[PDB]
C-alpha cells in the first residue's frame, strides 16, 4: 500500500477562501478539497509532511463556525486524515488540535453533522485510548469527563456515550479507570443517573451497569444504596443486559 501526500494538492486560494466571510466560499473550499483529494486517499505520508495548519484550520471550523455543513465537512476530513495517517503519524499534537472542538460541537442534533463528529471522535479515540494503561491519554479522559458535566444536555449525552464506548472497547486493563473512579467517574455518573431527563438517566444506567460489570457489584454497594430504589433496580436490570 503506497503512501500519498495531500498538502501539495490544496486549492491555491484555499486559505483566502476557507477564511472567507461568505459561507459558500468555506463550504466550496472544503467540499472541493474533499472530493478531489481526501475522498480518494488510501494512505498518507507523515514523513516531512506537517498537517498542523490544515488540522488547526479544520479544528477552528469545527469549534466556532456557524455553518454546520462546513462543520460536518471538517470533521469528515479530520477523520479521513487520522484514519489514513494512523500512528505514530497522527501525533498527540494533532489530537489536541481537533479533540476539544469535536467534544464542544457534540451539541449538534442534525444526524449527518453529529455523525461526522462522532466518527471523528471515535477514530481519534481508536488510535488514542483515553483509558490507556500507560496513562498517556489522561488529558483526553479529563476532557471527556469535564464535558460530561456540561450545561448542555446534548453534550452530556454524547460524551457519556463516548465514555461508555471507551470503557466497553477497553481490552488492555482498567488501571487508568480505577484511579479516576471514586473521585471523578462515580460523582459524574451519579449526576447523569439522576438527571431530570429520562433519555439521559438511561445513559447513566448503562454507565453504572458497565462499571458494575467491571469493578463488581460489591465495590459500589454503598453508593447504589443512596439512589432511588427504582433507579437502583434499573441499573440492576441493566447489568443483566
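Residue numbers count along the first chain shown, from 1.
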| property | result |
| --- | --- |
| Of 31 to 39 and 55 to 63, the stretch whose C-alpha atoms average the higher B-factor in the entry | 31 to 39 |
| Higher-scoring stretch by recorded Cα B factor average, 192 to 200 or 208 to 216 | 208 to 216 |
| Ranked C-alpha temperature factor of residue 160 among modelled chain residues, by third | lowest |
| Chain third (lowest, middle, highest) by recorded CA B-factor, residue given as residue 170 | highest |
| Chain thirds of CA B-factor: placement of residue 185 | middle |
| Position of residue 111 among the chain's modelled residues by C-alpha B-factor, lowest, middle or highest third | lowest |
| Cα B factor band for residue 130 (lowest, middle or highest third within the chain) | middle |
